[PDB]
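Only one chain is included here, represented as structure tokens and corresponding to the form deposited in one PDB entry.
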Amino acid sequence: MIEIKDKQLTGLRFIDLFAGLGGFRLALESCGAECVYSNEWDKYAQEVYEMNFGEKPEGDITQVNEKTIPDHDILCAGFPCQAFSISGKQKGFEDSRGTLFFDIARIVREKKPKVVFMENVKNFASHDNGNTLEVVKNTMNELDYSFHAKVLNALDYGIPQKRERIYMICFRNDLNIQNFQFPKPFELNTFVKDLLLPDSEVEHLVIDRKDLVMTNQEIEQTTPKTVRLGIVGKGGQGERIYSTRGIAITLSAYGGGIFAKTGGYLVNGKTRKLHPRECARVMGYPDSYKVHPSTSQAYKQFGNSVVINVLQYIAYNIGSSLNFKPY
């Protein structure tokens, strides 16, 4: 994450829905805001959350009475994406995991917060010939809110990872906000090679296979893109090997293959996958965050999360707009 000197969100309160590891919480707290409610139903995720923030989140949002939720200024939500991802079956609103958006709407109707901040995958903007996004935009308009949305790539904000996502920002109409803007991209200067741990600590992740087929030579200069060097098996998800002089492929939660969820890399002459701590680093988390003792739950949690740095820039811009009040 980045250091913020000008704390634009001092005095404001927020709630953390579909909490996970708390990526939305780290970002907003660094800007000066205070968290007054959290919700998440997974046993293992509630354990890391409590380990790091000192509180246990509430369970199943579909059966929580929206009137019991505390007053707040900003609602945060990185809702489920299996029903919209290009890697799944694309069932959309027909999917039992695809209706969570209407629960958010239910809460927004009652509490009427100043800002709604949401995140989902890139395919969300294209799904069902554009109907899915129009449905979300019209619902927010009907509740008396404006709608701003755009797809941003993590590699343009200083983190070496190809992770394209859609961010949706909404302001209550009586506030009359007319100067909000998404942050501007800058040049990348850090690469996969600069975030790795010492060879001694990662010996156990090395994989030596006999069907390894190199198809490209190692590159001699760094570059802001994914560079594939070789393959194992039939070359499907989890069987592709990349260079550490380039950037990392997007991390997943339920992925398979011998190099599952992280992908494989050529390091000092050997091929291996990433360690949980290196996953924390490519997601923008500080070395002081404590990970789950179970390696299996840790990879799943990081693959479902958000890049901290990108949210910090967006949150600062939300505060700047709220504070501009001339006579």
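Only residues modelled in both forms are compared. One rule holds for the numbers: they count along the sequence shown, beginning at 1. Rigid core here is just the name for the largest C-alpha set that superposes within 1.5 Å across the two forms.
Chemist: Quick check on the record: does 189-197 or 80-88 carry the larger mean Cα temperature factor?
Modeler: Between 80-88 and 189-197, it is 189-197.
Chemist: Report the stretch with the higher mean CA temperature factor, choosing between 200-208 and 103-111 on the basis of the entry.
Modeler: Comparing 200-208 with 103-111, the higher average CA B-factor belongs to 200-208.
Chemist: Which one, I159, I74, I249, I177, has the peak C-alpha temperature factor per the PDB entry?
Modeler: Each of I159, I74, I249, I177 was compared by C-alpha B-factor; the highest is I177.
Chemist: Among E164, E239, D144, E119, where is the Cα B factor highest in this entry?
Modeler: By C-alpha B-factor in the record, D144 ranks first.
Chemist: Classify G303 as lowest, middle or highest third according to the C-alpha B-factor given in the PDB entry, relative to its own chain.
Modeler: For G303, whose C-alpha B-factor we compare with every modelled residue in the chain, the answer is the lowest third.
Chemist: What third of its chain, lowest, middle or highest, does the C-alpha temperature factor of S294 fall into?
Modeler: Middle third, going by the recorded CA B-factors of the chain.
Chemist: Considering only modelled residues of the same chain, in which third does the CA B-factor of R281 rank: lowest, middle or highest?
Modeler: Ranked within chain, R281 CA B lands in the lowest tercile.
Chemist: Per the entry's values, where does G256 land by CA temperature factor relative to the rest of its chain, in the lowest, middle or highest third?
Modeler: For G256, the deposited C-alpha B-factor lands in the lowest third.
Chemist: When the deposited Cα B-factors of this chain's modelled residues are ordered and cut into thirds, is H275 in the lowest, the middle or the highest one?
Modeler: Lowest third - that is where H275 ends up once the chain's C-alpha B-factors are sorted.
The protein also exists as the form deposited in another entry; that form is not presented, and the subsequent description refers to it.
Chemist: Of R109, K89, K184, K225, which one has a Cα that moves 2 Å or more between the shown form and the other one once the core is lined up?
Modeler: C-alpha shift of at least 2 Å: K89.
Chemist: After superposition on the rigid core, does the Cα atom of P160 shift by at least 2 Å between the shown form and the other one?
Modeler: Where the cores coincide, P160 shows only a C-alpha shift between the shown form and the other one that is less than 2 Å.
Chemist: Using a rigid core superposition, assess whether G246 undergoes a CA shift of 2 Å or more between the shown form and the other one.
Modeler: Superposed on the core, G246 moves its C-alpha less than 2 Å between the shown form and the other one.
Chemist: Does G78 show a Cα shift reaching 2 Å between the shown form and the other one after rigid-core superposition?
Modeler: Stays below the 2 Å threshold, so no.
Chemist: Relative to what's shown here, the Cα pair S85 and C76 differs by 3 Å or more in the other entry. Does it come closer or drift farther?
Modeler: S85 and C76 sit farther apart in the other entry.
Chemist: Which is it in the other entry for the CA atoms of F93 and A105, closer or farther than here, knowing they shift by 3 Å or more?
Modeler: Nearer in the other entry, by 3 Å or more.
Chemist: Using the rigid core for the fit, write out the stretches of 3 or more consecutive residues with CA shifts of 2 Å or more between the shown form and the other one, ordered by sequence.
Modeler: Moving region between the shown form and the other one: 81-98, nothing else.
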